[PDB]
Protein chains: 2
Amino acid sequence: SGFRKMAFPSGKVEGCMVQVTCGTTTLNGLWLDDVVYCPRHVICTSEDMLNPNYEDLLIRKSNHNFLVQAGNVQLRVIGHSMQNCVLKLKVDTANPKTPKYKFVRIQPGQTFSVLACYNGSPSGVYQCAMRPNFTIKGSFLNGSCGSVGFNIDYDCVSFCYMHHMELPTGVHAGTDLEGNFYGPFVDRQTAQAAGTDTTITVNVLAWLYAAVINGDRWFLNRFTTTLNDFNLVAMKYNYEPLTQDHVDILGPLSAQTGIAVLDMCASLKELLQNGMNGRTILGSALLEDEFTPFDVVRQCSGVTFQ
Amino acid sequence: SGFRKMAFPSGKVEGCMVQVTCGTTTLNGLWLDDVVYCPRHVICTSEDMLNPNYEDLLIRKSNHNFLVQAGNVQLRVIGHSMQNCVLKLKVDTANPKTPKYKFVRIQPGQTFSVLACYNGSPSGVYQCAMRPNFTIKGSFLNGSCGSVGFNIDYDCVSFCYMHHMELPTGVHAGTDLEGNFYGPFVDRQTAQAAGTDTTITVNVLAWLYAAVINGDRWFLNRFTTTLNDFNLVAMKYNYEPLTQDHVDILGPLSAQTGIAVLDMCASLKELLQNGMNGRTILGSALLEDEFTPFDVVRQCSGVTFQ
Ligand SMILES: *CC(=O)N1N=C(c2ccccc2)[C@H](c2ccccc2)[C@@H]1c1ccccc1
Ligand SMILES: *CC(=O)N1N=C(c2ccccc2)[C@H](c2ccccc2)[C@@H]1c1ccccc1
């Protein structure tokens, strides 16, 4: 019993973290096989970041201008290329600690673990959700760029996020491992609108099922609702509209608890309209939306990894 | 910027996790040098747990009755001994992945990371506090026994907790690595009173300083207080009494923010008496007490580990 925001074990990702320096800028890189992936803004100074022409800046850089260090050993850079907002530095040695991996572009609402790094060294690990507005609410200081987000499936690491920047609002933005930003963000020091953030309705419902499983049931009511009726309430509270795909995904939790998805929706509707009245659910005084249905089942089943 | 409940990178601890089986009972063990540490209740059946005589049960077990498996390799057990509530199984091979380590007995209020394991395999990592009543609020299913709690200081892992049981109330109990329980708990299936839990006042204050550092300042008031005056309010709300040692420990955060500790105490007093009025602090609708002053500074400075 008990429900916690759990991150994946970070061991396989720690073995891939390297320090990348170009000029006076140092950040983190990800060493997989004979390639080191890192944000392309490693080639910029603080002044370049106001309006960088990455193509022109990269032309003035040669392989020897990139210093890659894994622990205390220096890797020899024999190739460099820019793919969207990421730099791929080809090194002469394959990482002997390269785990089985995939590069994946996650959907908004999905979750992943972040291994926050500074100077190529890990400092901590935490679980994040890709918000519907394609930002993340992480913990990232200067030098954390290049830290990655990932999921583990038994022995396979699916990398999905690379940290690039903090918006003036305090939230974080980054790319997938092909260097494509999540959201409309660009890698430059300019004010950028993230847009209205909405609550991940399917995740709040999954967390309500995790609550019932762990004995927190005060919020269960004698009401039911319809998809269109619940969505009228969801639109008023800036919650993502619920679809039959989301209902289908909640099927296993509904079968386990004996509570129909539309009955859980009615309970959520009452919590939205009336608040929590000074009560808590799984130790929280607000509705949590950072657990997918897959996170709830994984945690309640104790699925393990290599 | 941003503030998260961050766990230490778990890589050094993953390399130490093994599966220990005795009869039909399987749980996790910690392999450091040529010794495997695990809960002594690995020698029990479900029926033995009602009133176990560990000494009599252990006498019927020989080295060959303990199956220790690290990944797919079987370790040869050449010695066994019981130290308080832990079994120490001497194996013929030292763990080649043994990190630099220490065994430490933490104080109530201090924090640590838990690497939840099943069958010797890691499933996840999260940060916990040792509550003032010596319980932890973790996430532990059947088979999670033997999972450990730890802290990292650069290259050194200080193990402080080994999971032993879940109380009928849903909270968790365990030992230090010498097998001494934290709290008055015993390793038997009997109802056990954890006692009144109190809020870690020094940690709530440290988290209020983390809030100010990250721009959340609505709660700052025009009042001050005294230690005895604040403690009258602390006793009413089941908060740990604040001492000059706690004030001394908050010194660096007070010097960084320019906010005197007694002024932060007055703000906390107003939050306790008036509530949060539907507002949030660092994304939470309640007062968080699972961050020590050392966790706030470490996170705000980005201290890294090996
Ligand atoms: C994420 C990160 O560490 N850093 N990101 C920036 C940045 C991103 C977008 C717009 C402006 C700045 C910082 C930076 C500073 C100078 C050159 C490139 C990036 C910041 C950082 C700080 C120190 C070293 C590397 C990166
Ligand atoms: C922590 C854990 O996995 N387990 N703890 C107990 C336990 C502890 C205290 C009192 C009763 C039971 C479970 C257990 C069951 C049978 C024998 C010993 C311990 C439980 C567990 C489940 C499966 C394998 C090992 C341990």
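Residues numbered from 1 in each chain as written, not as in the entry; some residues may be left out. Chains lettered and ligands numbered in written order. Heavy atoms only, no water. Residues with missing side-chain atoms left out of burial classes, pairs and counts.

The deposited coordinates, according to the entry record, derive from X-ray crystallography at 1.8820 Å resolution.

As annotated in the PDB entry, chain A carries the name 3C-like proteinase nsp5 and is attributed to Severe acute respiratory syndrome coronavirus 2. As deposited in the PDB, this entry carries the title "Co-structure of SARS-CoV-2 (COVID-19 with covalent pyrazoline based inhibitors".

Q: Even after reading the chapter, I still don't get the domain arrangement of chain A, so can you show me in this structure?
A: Quoted interface sizes are often the accessible area lost when the parts come together. The assigned domain composition of chain A is domain 1 (11-91) and domain 2 (201-301). Taking only C-alpha atoms, the centre of domain 1 of chain A and the centre of domain 2 of chain A are 43 Å apart. (Domains from an automatic or database assignment.)

Q: In this structure, what is going on with the site of ligand 2? I would like to understand it.
A: All names here are of chain B. Near ligand 2 there are 16 residues, and of these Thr26, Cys44, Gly143, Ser144 and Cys145 occur at the shortest range. Contacts to ligand 2 include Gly143, whose backbone N or O atom sits 2.9 Å from an oxygen atom. Within the contact set of ligand 2, an oxygen atom lies 3.5 Å away from a backbone nitrogen or oxygen of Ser144. Within the complex, the protein chains bury 81% of what would otherwise be the 520 Å² of accessible surface of ligand 2. Elements represented by at least two residues in the shell around ligand 2 include exactly β2 (25-32) and β12 (156-166). Looking at which element gives the most residues to the shell around ligand 2, the answer is β12, with 3 residues. Within the shell around ligand 2, the residues separate by chemical class into 4 nonpolar, 11 polar and 1 charged. (Near = heavy atom within 4 Å. Polar contact = N/O pair within 3.5 Å; in protein donor to acceptor, adjacent residues only side chain to side chain. Areas by Shrake-Rupley, 256 points an atom, 1.4 Å probe, with all protein chains shown as cover. Helix = DSSP H or I, 4+ residues; strand = E, 2+ residues; numbered from the N terminus. Nonpolar A, V, L, I, M, F, W, Y, C, P; charged D, E, K, R; others polar.)

Q: What exactly am I supposed to notice about the relation of the copies chain B and chain A here?
A: Copy one and copy two of the chain differ by a rotation about an axis and a translation along that axis. If you rotate chain B by 180° and push it 0.0 Å along the axis, it lands on chain A with an RMSD of 0.0 Å. Expressed as an axis order, the relation between the two copies is that of a two-fold axis. Considering only C-alpha atoms, the part of chain B nearest the rotation axis is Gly11 of chain B, at 1.9 Å. Mapped onto chain A, 100% of the interface residues of chain B are again interface residues, and the two copies thus contact each other with one and the same surface. (Least-squares fit on C-alpha atoms. Contact = heavy atoms within 4.5 Å.)

Q: Looking at this structure, I do not really get the site of ligand 1. What am I missing?
A: Residue and element names in this part refer to chain A. Inspection of the region around ligand 1 gives 16 residues, with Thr26, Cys44, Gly143, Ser144 and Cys145 positioned closest. In the model, an oxygen atom of ligand 1 is placed 2.9 Å from a nitrogen or oxygen of the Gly143 main chain. Take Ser144: an N or O atom from its main chain is 3.5 Å from an oxygen atom of ligand 1. Burial of ligand 1 by the surrounding chains reaches 82%, relative to a free accessible area of 520 Å². Contributing elements (two or more residues each) for the shell around ligand 1: β2 (25-32) and β12 (156-166). Sorting elements by how many residues they give to the shell around ligand 1 places β12 first, with 3 residues. Its residues assigned to classes, the shell around ligand 1 shows 4 nonpolar, 11 polar and 1 charged.

Q: Which parts of the structure should I look at to understand the packing of aromatic side chains?
A: Two descriptors summarise a pair of aromatic rings, namely the distance from one centre to the other and the angle between the planes of the rings. Across all of its chains, the model carries 20 aromatic pairs over all chains by this definition. Ring geometry for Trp218 of chain A versus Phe219 of chain A: centroids 6.0 Å apart, planes at 85°, classification edge-to-face. Judged by centre distance (5.1 Å) and plane angle (85°), the rings of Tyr37 of chain B and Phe103 of chain B are edge-to-face. You can see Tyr37 of chain B sitting in strand β3 (residues 35-39) and its partner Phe103 of chain B sitting in strand β8 (residues 100-103), a full 66 residues away along the chain. Residue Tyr37 of chain B is classed as buried on the basis of its relative accessible area of 9%. Seen from the ring of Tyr54 of chain B, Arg40 of chain B lies directly overhead, with NZ or CZ sitting 3.9 Å from the centre. (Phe/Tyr/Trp six-rings, centres within 6.5 Å; stacked < 30°, edge-to-face > 60°. Buried < 20%, exposed > 50% of the residue type's maximum accessible area, 1.4 Å probe, protein only. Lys NZ or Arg CZ within 6 Å of the ring centre and 35° of its normal.)

Q: Even after reading the chapter, I still don't get the pairing of strand β13 (residues 172-175) of chain A, so can you show me in this structure?
A: Remember that side chains alternate between the two faces of the sheet whenever the strand is regular. Residue and element names in this part refer to chain A. Both faces of β13 are covered, namely the face carrying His172 and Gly174 and the face carrying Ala173 and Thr175. Where β12 and β13 come together, 4 bridges link them in antiparallel fashion. Paired with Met165 across the bridge in β13 is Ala173. Counted along the chain from β12 to the antiparallel partner β13, the turn is 5 residues long, and its residue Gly170 has a positive phi close to 95°. (Pairing = 2+ DSSP bridges.)

Q: Looking at this structure, I do not really get the layout of surface pockets. What am I missing?
A: A volume near 1,200 Å³ is recorded for the second largest pocket. Taken together, 40 residues form the lining of the second largest pocket, with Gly11 and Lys12 of chain A together with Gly11, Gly15 and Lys97 of chain B sitting closest to its centre. Taken together, the residues of the lining of the second largest pocket sort by class into 14 nonpolar, 20 polar and 6 charged. (1 Å grid on protein atoms, 1.4 Å probe; cavity = no way out; pocket = protein on both sides within 12 Å on 5 of 7 lines; lining within 4 Å. Points joined across faces, edges and corners; volume = space filled by probe spheres on them.)

Q: What exactly am I supposed to notice about the pairing of strand β11 (residues 148-153) of chain A here?
A: All names here are of chain A. Where strand β9 (residues 111-118) and β11 come together, 3 bridges link them in antiparallel fashion. Note on β11: the bridge partner recorded for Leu115 is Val148. With 6 bridges connecting them, β11 and β12 associate as antiparallel partners. Within β12, the residue paired with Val148 across the bridge is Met162. Connecting the antiparallel pair β11 and β12 is a turn made up of 2 residues, with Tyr154 showing a positive phi of about 55°.

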